Structure formats: C-alpha cells, structure tokens
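Heads up: the structure comes next, in structure tokens.
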Amino acid sequence: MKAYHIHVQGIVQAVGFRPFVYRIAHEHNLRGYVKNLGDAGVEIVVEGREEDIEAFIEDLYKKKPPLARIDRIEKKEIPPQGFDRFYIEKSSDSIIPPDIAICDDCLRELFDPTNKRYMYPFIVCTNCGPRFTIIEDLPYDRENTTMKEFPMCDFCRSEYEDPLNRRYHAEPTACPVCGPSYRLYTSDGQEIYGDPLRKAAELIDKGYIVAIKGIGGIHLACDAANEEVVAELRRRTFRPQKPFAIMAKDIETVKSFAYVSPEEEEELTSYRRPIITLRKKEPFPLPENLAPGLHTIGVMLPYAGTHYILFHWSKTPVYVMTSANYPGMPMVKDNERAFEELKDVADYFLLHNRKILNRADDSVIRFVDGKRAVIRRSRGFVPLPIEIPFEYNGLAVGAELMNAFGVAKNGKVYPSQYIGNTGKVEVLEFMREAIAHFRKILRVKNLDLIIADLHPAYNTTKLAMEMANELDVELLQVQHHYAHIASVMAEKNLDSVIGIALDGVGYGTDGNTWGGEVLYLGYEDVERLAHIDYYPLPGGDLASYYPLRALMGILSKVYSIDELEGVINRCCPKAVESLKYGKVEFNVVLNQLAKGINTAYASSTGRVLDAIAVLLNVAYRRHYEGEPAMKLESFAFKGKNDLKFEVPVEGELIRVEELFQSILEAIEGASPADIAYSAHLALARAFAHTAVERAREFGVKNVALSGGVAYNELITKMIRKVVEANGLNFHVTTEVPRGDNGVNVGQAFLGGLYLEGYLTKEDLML
Ligand SMILES: [Zn+2]
Ligand SMILES: [Zn+2]
Ligand SMILES: [Zn+2]
C-alpha cells in the first residue's frame with residue numbers, strides 16, 4: 001500500500017486510545033492497524049486512499065479521547081508488504097481514571113428522541129461518565145465496580161462487546177432496563193421507577209428545596225432565582241454567608257448572570273465541570289442572597305445525564321448545589337444517611353441505586369491576574385497524579401483545615417478528594433477510609449515515612465502519630481508555610497527559590513502563629529527571612545473568629561492602652577461580639593491585652609488584612625473560613641484612585657502596624673473603598689518588594705507566592721507584578737491549589753526530599 005508510519009506518544013497508552021483509533025479508522029473505511037509496545041509505542045498504519053488518509057490523521061486531533069492530548073505525529077512513508085483487508089489492534093499498565101462529565105456526543109443522544117437512552121439519566125460512553133467515585137479497585141472492571149450490582153441487558157452487551165461501537169468496554173454502561181433508576185422521596189414516602197425525575201424539578205422551581213444523588217456525593221438543591229427559598233435553606237443549614245453554588249443552563253445564561261472570562265469558558269466546558277467563580281454583573285440579576293459582600297459567584301454547569309435532563313424542566317435555569325450536610329460534616333453517600341440527617345434540612349429527596357463508594361466534593365476554581373489557579377482539588381481531578389522530583393512510597397496528612405491527604409511513589413503525589421475540614425470526628429474517620437482506598441491502588445507497608453504539619457494538635461498530625469506507631473514507620477513534620485511555598489516548586493518542577501507565604505493561621509516553627517513572611521527554600525540549610533512584627537491577639541482561635549479581638553491587638557503596637565480605646569471609637573464594632581456574646585465585657589478584655597497577661601503571638605497576613613476589614617464599615621464577626629479577607633477584597637475592587645501607602649520593611653521585620661496608622665490618617669478625606677483598595681496593594685507591594693531584594697542578595701532567579709491569602713486578586717496582582725523588576729516567578733496553578741487543600745503536595749516533595757538526604761533532619765523543625 002501507500003500509507004504513513006504515524007508515530008504518536010505521550011498520553012495514548014494509559015488512556016483509552018485504541019478504542020478511538022479503531023473506530024475512527026473503520027469510519028473512514030481506511031483499513032490498517034495500530035501496533036503497541038508499551039509506555040512508549042503506538043503507531044498507526046492507515047494504508048488506503050487519500051480522501052481518508054488525511055481525515056483519519058485530521059480527526060485524531062479533534063476527536064481524540066477526553067483524557068488525552070496527541071503529542072507527536074510524524075507522517076512517515078512505508079509500503080505494507082501486504083495490503084490491509086482488516087484493521088487490527090495487535091497487542092501484547094492500567095491507571096485509575098477520574099470522574100469525567102457527560103461527553104458532548106452522549107448529550108444529544110439522550111436529549112434527543114431517536115435513541116434507546118432517550119432521556120436516560122445514567123447515560124454514558126467509554127469517553128466520559130463516572131469513574132473513581134465508583135471504581136471499587138483495579139483492575140478497572142465492571143465485575144469489580146459499583147455497577148456490579150447491575151447485570152447488563154442483552155442489548156447493551158452486544159454494544160459493550162462490539163468494537164466499532166463507542167460504548168465498547170464501557171464498564172459503567174447501562175440503559176433504562178439493566179441500569180439503575182431514580183426515585184422521589186419527602187422525609188419518607190415515595191413513588192416508583194421513572195415517575196420522579198420529571199416531577200422532581202417541577203418542585204425545585206416550585207420553591208421547595210430537594211437533595212440530589214450526585215455522582216460523588218449527593219447535595220442540596222434549590223432555585224437560586226427565588227430569593228425567598230434560597231434564604232430559607234441558609235437557615236435549615238445554619239449557614240449565613242458562605243457563597244452558595246449556582247448552576248446555569250448554558251454558558252449564555254452564565255453571561256447575563258455575571259461575567260464570562262476567555263479561557264474561562266474553556267475551563268468551564270472542561271470534562272471536569274468545576275464550580276468557577278466569576279464577577280457578577282453590576283446590575284445584580286440573581287437575588288443578592290446567593291452571596292453577600294462578594295463580587296464573585298459560584299458558577300456551575302451540568303455535568304452528568306440527570307443534570308441536563310433535570311435542567312430541561314423546572315423552567316428557571318439557575319439552580320443551587322451544595323454539600324448536603326450540616327456545616328462541618330462531609331457529603332452523605334448512603335441513601336440511608338440521607339434521611340437520617342436531612343429529615344429537617346431538605347424538603348424532598350432524589351436518590352438512585354448505584355452506590356457512590358468514594359466521596360468527591362465538587363471542585364471549585366477561581367482565576368487570578370498572573371494566571372488561573374484552583375482551590376479545591378477533587379471532583380474531576382482525583383485520582384490524577386502530579387510529579388515529585390523524588391521517589392518514595394509514603395503518606396502525607398497535611399493541614400487540618402480544608403485538608404487533602406496525599407501519597408506518592410516512583411515520583412508522583414496523589415491528592416485525595418476534598419476531605420474537608422478534619423475537625424469533627426465525622427471527618428477524621430472519613431480520611432481513614434479514603435487513605436485505605438488509595439492504598440488499594442498502590443503499595444502496602446509503605447517503604448517510606450509520613451508527613452504532617454508542624455502542629456502537635458491537628459486531628460491530622462494526631463493520626464500521623466498513631467499511624468506512625470503503626471506498621472512501624474518513621475514520622476516527619478514540617479512547617480505549614482514552608483509547605484504552601486513548596487507546593488509551588490513541586491508543581492513548577494524546579495529548585496530552591498525564595499517565596500512569599502501569606503496564610504491565615506499557620507503553625508509556624510516555635511509556637512509562632514505565622515501567616516505573613518517570605519522564605520528561602522534553599523535545598524540545603526533552609527531558613528526564614530522577612531517577617532511581620534508579631535501582634536498580640538487575645539484568644540489564638542477567638543481572634544480569628546471575632547475580628548475586633550485582633551483589630552485591637554495590632555493597634556496596641558502603635559497605640560497605648562487607653563490610646564487603643566480612642567482609635568477604636570473611629571467606628572463602632574462593639575455590638576458585634578454582643579450578638580453572640582457579651583459586648584462591653586469584651587472591650588474590658590483590653591486588660592488581658594494591655595497587661596500582656598494572656599496573649600499568643602501571631603503574624604498572619606489574613607488577620608492583618610482582617611482587622612482592616614473591621615477597622616472599616618466592611619465586616620464583623622467571622623461566619624466561616626476566611627470571611628473578612630474575601631469581604632474586604634470585593635469591597636476594595638470598587639476603588640478607583642489608587643492611594644499610595646507604604647508599609648515599612650526594616651532589616652528582616654515589617655512594621656505592618658504603621659500601615660494601619662497612615663490608613664486612619666486618610667479616612668478623613670479619602671473615600672471608603674479607595675482605602676481598602678489602596679492598603680491592599682500597599683501591604684502586598686512592600687511585602688513582595690522584600691522577596692525581590694532578598695533574591696538578589698542571595699543569588700536566586702525567582703520567587704513564589706502561595707498559601708491561604710494567595711487568591712486575593714488585588715494582592716496577587718501587585719505581588720507577582722513587582723517581580724517584573726527581577727526574574728520570572730510563578731505561583732501554584734490549576735494543577736495544585738495554593739490554598740491549604742493543596743498542602744500535602746508541598747509536603748510530599750518537601751519531606752520526601754528529606755529522605756533523599758538533601759535536607760537537614762531539623763531545618764524543617766527549626
Ligand atoms: Zn459519553
Ligand atoms: Zn441496558
Ligand atoms: Zn495554609
């Protein structure tokens with residue numbers, strides 16, 4: 001014949017490519033074959049005519065499997081010693097794939113009459129649908145997945161078997177007959193089979209709220225359009241401000257609903273269907289209830305059969321999807337618990353047979369100036385790895401809040417699902433199960449040690465110990481901030497580099513509540529650099545909770561005891577700790593502060609900026625995680641004339657307090673917003689500028705921002721920008737999240753390095 005020895009390599013092997021190459025071939029009737037060698041050997045000999053010799057190579061790009069991106073194609077030229085009457089996939093390393101959203105094709109298939117799965121919720125092809133959330137354990141096989149309880153009906157099998165058909169070997173395949181079925185409940189009571197689905201939505205728009213059995217953990221739903229009902233929900237859940245998550249029909253709806261970014265629309269239509277957060281249009285459309293004091297809004301698009309179909313009816317597009325579980329508990333899997341927890345919470349229920357083994361909270365992502373990073377690693381990512389410059393089988397618990405344990409081997413770390421806040425015992429036990437599962441796709445008796453935040457009180461590290469004492473495995477802790485900063489040089493794959501850490505509450509080395517300082521990740525003998533003049537805050541935890549408890553502590557570093565009294569009078573935030581505790585009495589606590597009796601030393605940028613959020617008309621008592629930092633940002637955006645502040649930087653200390661000083665001296669004249677906006681850049685600019693100077697006086701080409709207060713667009717904008725008068729820097733991107741959640745990754749590449757011996761056994765402790 002007259003073909004071309006096309007040579008491709010990069011993503012083909014592991015993922016499902018053979019099934020694709022086969023179909024695409026026969027479709028163009030171009031008989032040939034696709035050889036296979038291994039992790040690096042899959043060519044294609046499409047020997048045939050010309051009107052198709054091109055179509056094949058042309059389609060391979062625009063039609064390749066989802067979890068795959070062609071990387072190499074060399075049109076060679078070799079004649080087959082024998083023409084090809086049939087196309088063959090002659091063969092001779094499976095990898096747990098993540099949960100993908102419905103494929104553009106299957107969509108039409110269900111959303112349209114002609115098909116067998118006409119309006120079938122559990123629709124799916126071999127190029128999408130659920131995976132991890134229902135993969136019992138490798139080998140990846142039907143007989144070994146949640147879909148096992150469902151024997152395939154003849155019709156399907158025929159397809160499942162046939163190669164040409166896309167549903168080929170689609171383990172999680174089904175139909176309205178052999179496939180699972182939906183149902184409608186209401187704190188008990190129900191109908192049967194398919195009568196529900198349709199009606200289900202007729203209620204979501206009706207006003208009432210109803211939970212939905214997602215693919216990786218069911219969650220409450222509600223018409224985000226009815227300001228009335230949405231508010232109701234916030235009560236049955238005891239959640240006052242946490243930015244709810246909405247789900248619009250098509251991208252269009254998202255537009256008039258708010259703001260659509262360029263590569264954003266891409267990140268949305270992604271196979272992961274994450275909950276991005278884009279600015280809401282000035283003339284607020286949806287009820288201001290969905291999320292107060294926040295320019296952004298949780299946006300979601302349909303992601304699996306039931307979604308699109310459910311969206312059909314209900315008239316109103318925008319819905320509302322949030323972890324169906326009391327504030328503090330993880331998603332509810334077993335329908336059993338669905339009733340034993342939301343009997344009062346939700347109004348109705350919509351569950352299905354197919355059990356959701358592993359939990360999987362929806363992944364949320366928000367873009368920043370420099371690039372586009374995420375915050376919640378889960379949903380459609382896990383269990384996809386990230387490369388570590390070191391090989392060592394080990395576990396890494398990580399932070400305690402917004403945690404995400406990890407495990408690596410050969411040189412790749414594994415970020416788990418959003419194990420939420422390891423606080424409540426409910427959570428703790430959850431992690432154990434997750435780790436157990438992960439360990440079933442890896443090695444037992446991990447030939448290597450563990451990792452945990454340098455805090456001897458985290459329900460996380462708590463495990464690290466008992467776990468260490470178990471199976472007899474060495475234990476190792478590491479600074480919290482040295483992690484966020486490490487999570488960068490691990491994802492960007494590089495060597496020691498200066499970086500800025502701005503977290504809300506980090507267990508710094510030496511009982512020092514860090515959260516604002518630049519460090520040097522020098523491979524050898526690592527050490528701290530810049531810093532903030534520790535400010536006195538009453539109640540380590542209390543301070544974070546009640547803002548005024550910190551606003552005072554920081555003003556003492558510039559004002560006297562009785563002085564702090566007057567300055568506070570610049571506003572009236574006393575009635576804050578009054579709606580949840582005593583008021584005057586709190587101010588009386590000033591003694592505890594003045595006398596320096598009971599006081600813990602901090603340096604968190606989150607708190608610093610937090611105080612500024614109360615030293616104004618912004619916010620008061622914290623209602624969840626990072627409420628001020630965010631509330632203060634949004635408010636700041638509305639500022640035009642960028643004022644010019646300049647938080648000092650002496651030797652290796654930042655008199656950030658002096659910032660407040662000047663801040664107040666401008667209130668009498670400068671608009672309210674312009675202040676929040678100004679201080680934002682100011683605090684950041686002089687904060688980064690330091691990292692810069694230090695880089696030069698230490699021979700380093702680049703720096704890296706990361707940690708809690710890292711998503712602040714205003715700050716991240718200036719900071720990274722300042723690095724323009726130096727060397728190209730980088731901040732954690734989509735792959736890994738700068739936030740706490742992605743701390744384990746930083747730990748893995750960090751502690752794992754310790755084993756290597758390239759790091760001192762104690763330059764992580766002290
Ligand atoms: Zn599909
Ligand atoms: Zn079937
Ligand atoms: Zn953190």
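Scheme for the structure tokens: letters A, B, ... for chains in order shown; per-chain residue numbers from 1; ligand numbers from 1 in order shown.
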Return as CSV the residues of range 264-364 of chain A lying at most 12 Å from range 700-723 of chain A, together with the closest atom-to-atom pair for each and the distance in Å to one decimal, counting only C-alpha atoms, with rows in chain order and ascending residue number.
residue,atom,partner,partner_atom,distance
A:277,CA,A:711,CA,11.6
A:279,CA,A:713,CA,11.9
A:295,CA,A:713,CA,11.8
A:296,CA,A:713,CA,11.5
I want to know what sits within 10 Å of range 76-84 of chain A, based on only C-alpha atoms, with residues of the same chain fewer than 5 positions away left out; could you give that as a list in words?
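Counting only the stated atoms, we get residues 1, 2, 3, 4, 5, 6, 7, 30, 31, 32, 33, 45, 46, 47 and 48 of chain A.
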Give me, as number ranges by chain, the set of residues whose atoms come within 9 Å of any atom of ligand 1, counting only C-alpha atoms and all ligand atoms.
A: 101-107, 109, 123-129, 166-167
File dump, residues just selected, C-alpha atoms, as a PDB file, in the first residue's frame:
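So the final result, stored in again.pdb, reads:
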ATOM      1  CA  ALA A 101     -18.646  14.760  32.782  1.00  0.00           C
ATOM      2  CA  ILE A 102     -21.003  13.642  30.004  1.00  0.00           C
ATOM      3  CA  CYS A 103     -19.413  13.852  26.553  1.00  0.00           C
ATOM      4  CA  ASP A 104     -20.765  16.391  24.067  1.00  0.00           C
ATOM      5  CA  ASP A 105     -21.972  13.449  21.975  1.00  0.00           C
ATOM      6  CA  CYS A 106     -23.852  11.402  24.572  1.00  0.00           C
ATOM      7  CA  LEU A 107     -25.654  14.658  25.349  1.00  0.00           C
ATOM      8  CA  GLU A 109     -28.030  11.047  22.395  1.00  0.00           C
ATOM      9  CA  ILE A 123     -26.234   7.761  30.039  1.00  0.00           C
ATOM     10  CA  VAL A 124     -22.514   7.374  29.328  1.00  0.00           C
ATOM     11  CA  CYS A 125     -19.884   6.303  26.798  1.00  0.00           C
ATOM     12  CA  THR A 126     -16.335   4.977  27.129  1.00  0.00           C
ATOM     13  CA  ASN A 127     -15.136   8.583  26.900  1.00  0.00           C
ATOM     14  CA  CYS A 128     -16.894  10.036  29.953  1.00  0.00           C
ATOM     15  CA  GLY A 129     -19.226   9.271  32.836  1.00  0.00           C
ATOM     16  CA  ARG A 166     -18.220   3.671  21.223  1.00  0.00           C
ATOM     17  CA  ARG A 167     -19.781   2.035  24.287  1.00  0.00           C
TER      18      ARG A 167
END
Could you give me the residues within 7 Å of ligand 2, counting only C-alpha atoms and all ligand atoms, as number ranges by chain?
A: 152-153, 155-156, 174-179
Go ahead and write the residues just picked, C-alpha atoms, as a compact mmCIF listing (two decimals), in the first residue's frame.
# COMPACT_ATOMS: atom_id res chain seq x y z
CA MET A 152 -26.03 -5.80 31.68
CA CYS A 153 -29.07 -6.40 29.50
CA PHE A 155 -28.88 -5.05 24.05
CA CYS A 156 -26.01 -3.32 25.86
CA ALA A 174 -26.32 0.65 31.06
CA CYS A 175 -29.83 1.50 29.87
CA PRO A 176 -33.29 2.21 31.35
CA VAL A 177 -33.67 -1.55 31.89
CA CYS A 178 -30.49 -3.02 33.39
CA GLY A 179 -29.21 0.35 34.54
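Summary of the local environment: counting only C-alpha atoms, residues at most 8 Å from range 341-348 of chain A, other than itself and those fewer than 4 positions away along its chain, are residues 184, 185, 186, 187, 208, 209, 210, 211, 220, 233, 236, 237, 324, 325, 326 and 337 of chain A.
Shortest separation to ligand 3 among A:743, A:490, A:135, A:608 occurs at residue A:743, atoms counted being only C-alpha atoms and all ligand atoms.
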Within 8 Å of ligand 3, which residues of chain A come that close, and what is the closest atom pair and distance in Å for each? Count only C-alpha atoms and all ligand atoms and give it as CSV.
residue,atom,partner,partner_atom_place_in_ligand_line,distance
A:399,CA,ligand 3,1 (Zn),7.1
A:480,CA,ligand 3,1 (Zn),6.5
A:481,CA,ligand 3,1 (Zn),6.6
A:484,CA,ligand 3,1 (Zn),6.5
A:502,CA,ligand 3,1 (Zn),8.0
A:503,CA,ligand 3,1 (Zn),4.9
A:504,CA,ligand 3,1 (Zn),6.6
A:505,CA,ligand 3,1 (Zn),6.8
A:506,CA,ligand 3,1 (Zn),6.2
A:707,CA,ligand 3,1 (Zn),4.8
A:708,CA,ligand 3,1 (Zn),4.6
A:739,CA,ligand 3,1 (Zn),5.8
A:740,CA,ligand 3,1 (Zn),4.0
A:741,CA,ligand 3,1 (Zn),7.8
A:743,CA,ligand 3,1 (Zn),7.1
Report as a ChimeraX atom specification all protein, DNA and RNA residues lying within 8 Å of residue 244 in chain A, evaluated on only C-alpha atoms, omitting residues in the same chain fewer than 5 positions from it.
/A:290-291,297-298,320-322
Residues at most 10 Å from residue 662 in chain A, counting only C-alpha atoms, excluding those fewer than 5 positions away in the same chain, as a VMD selection string?
chain A and resid 645 to 647 657 667 679
Shortest interatomic distance to residue 735 in chain A - which of A:54, A:39, A:250, A:491, counting only C-alpha atoms
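Result for the nearest residue to residue 735 in chain A: A:491.
Between CA of residue 656 in chain A and CA of residue 368 in chain A lies a distance of 24.5 Å.
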Quick one: residues within 7 Å of range 90-98 of chain A, only C-alpha atoms, excluding same-chain residues fewer than 5 positions away - as a count of residues only?
11
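Between residue 744 in chain A and the residues A:406, A:172, A:539, A:606, the shortest atom-to-atom distance, using only C-alpha atoms, involves A:406.
Candidate residues A:276, A:309, A:732, A:675 were compared for distance to residue 488 in chain A, and the nearest is A:732, using only C-alpha atoms.
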In Å, how far is it from CA of residue 373 in chain A to CA of residue 738 in chain A?
7.6 Å
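Residues surrounding residue 225 in chain A within 10 Å are residues 205, 207, 230, 246, 285, 286, 287, 289, 290, 316, 317, 318, 319 and 320 of chain A [only C-alpha atoms; sequence separation below 5 positions excluded].
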Generate a file of the selected residues that holds N, CA, C and O atoms, formatted as an mmCIF file, in the first residue's frame.
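What ended up in selection_23.cif:
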data_model
loop_
_atom_site.group_PDB
_atom_site.id
_atom_site.type_symbol
_atom_site.label_atom_id
_atom_site.label_comp_id
_atom_site.auth_asym_id
_atom_site.auth_seq_id
_atom_site.Cartn_x
_atom_site.Cartn_y
_atom_site.Cartn_z
ATOM 1 N N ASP A 205 -38.337 24.451 41.229
ATOM 2 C CA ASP A 205 -38.710 25.774 40.741
ATOM 3 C C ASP A 205 -39.955 26.221 41.499
ATOM 4 O O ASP A 205 -40.230 27.414 41.627
ATOM 5 N N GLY A 207 -40.335 26.144 44.464
ATOM 6 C CA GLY A 207 -39.863 26.889 45.615
ATOM 7 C C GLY A 207 -39.098 26.008 46.584
ATOM 8 O O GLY A 207 -37.967 26.318 46.960
ATOM 9 N N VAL A 230 -34.178 30.401 48.777
ATOM 10 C CA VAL A 230 -32.732 30.311 48.949
ATOM 11 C C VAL A 230 -32.344 30.711 50.370
ATOM 12 O O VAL A 230 -31.481 30.086 50.988
ATOM 13 N N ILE A 246 -24.301 28.099 42.305
ATOM 14 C CA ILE A 246 -25.408 28.094 41.354
ATOM 15 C C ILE A 246 -25.040 27.313 40.094
ATOM 16 O O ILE A 246 -23.862 27.145 39.782
ATOM 17 N N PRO A 285 -28.435 40.484 38.967
ATOM 18 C CA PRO A 285 -29.639 39.802 38.474
ATOM 19 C C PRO A 285 -30.234 38.884 39.541
ATOM 20 O O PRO A 285 -31.324 39.134 40.056
ATOM 21 N N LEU A 286 -29.509 37.816 39.863
ATOM 22 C CA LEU A 286 -29.954 36.862 40.874
ATOM 23 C C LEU A 286 -30.013 37.521 42.246
ATOM 24 O O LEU A 286 -29.286 38.477 42.517
ATOM 25 N N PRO A 287 -30.886 37.015 43.129
ATOM 26 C CA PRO A 287 -31.032 37.564 44.479
ATOM 27 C C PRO A 287 -29.686 37.790 45.159
ATOM 28 O O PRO A 287 -28.805 36.932 45.116
ATOM 29 N N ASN A 289 -28.957 37.378 47.802
ATOM 30 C CA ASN A 289 -28.853 36.405 48.881
ATOM 31 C C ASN A 289 -27.814 35.330 48.575
ATOM 32 O O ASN A 289 -27.051 34.930 49.455
ATOM 33 N N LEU A 290 -27.784 34.869 47.327
ATOM 34 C CA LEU A 290 -26.839 33.840 46.906
ATOM 35 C C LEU A 290 -25.448 34.028 47.504
ATOM 36 O O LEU A 290 -24.760 33.052 47.804
ATOM 37 N N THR A 316 -37.020 27.764 35.300
ATOM 38 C CA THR A 316 -35.883 28.576 35.711
ATOM 39 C C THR A 316 -34.578 27.807 35.588
ATOM 40 O O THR A 316 -34.448 26.686 36.083
ATOM 41 N N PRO A 317 -33.587 28.409 34.923
ATOM 42 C CA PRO A 317 -32.286 27.774 34.738
ATOM 43 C C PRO A 317 -31.491 27.582 36.032
ATOM 44 O O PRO A 317 -31.451 26.486 36.593
ATOM 45 N N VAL A 318 -30.859 28.654 36.492
ATOM 46 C CA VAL A 318 -30.044 28.622 37.701
ATOM 47 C C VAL A 318 -30.623 27.837 38.875
ATOM 48 O O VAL A 318 -31.743 28.084 39.322
ATOM 49 N N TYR A 319 -29.835 26.884 39.363
ATOM 50 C CA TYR A 319 -30.207 26.051 40.499
ATOM 51 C C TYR A 319 -29.288 26.425 41.654
ATOM 52 O O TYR A 319 -28.846 27.567 41.760
ATOM 53 N N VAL A 320 -28.996 25.455 42.512
ATOM 54 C CA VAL A 320 -28.123 25.684 43.656
ATOM 55 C C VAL A 320 -27.656 24.342 44.212
ATOM 56 O O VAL A 320 -28.451 23.565 44.742
#
With distances taken over only C-alpha atoms, which of A:688, A:434, A:356, A:365 is nearest to residue 501 in chain A?
A:688
Residue nearest residue 476 in chain A - candidates A:55, A:294, A:638, A:396, atoms counted: only C-alpha atoms:
A:396
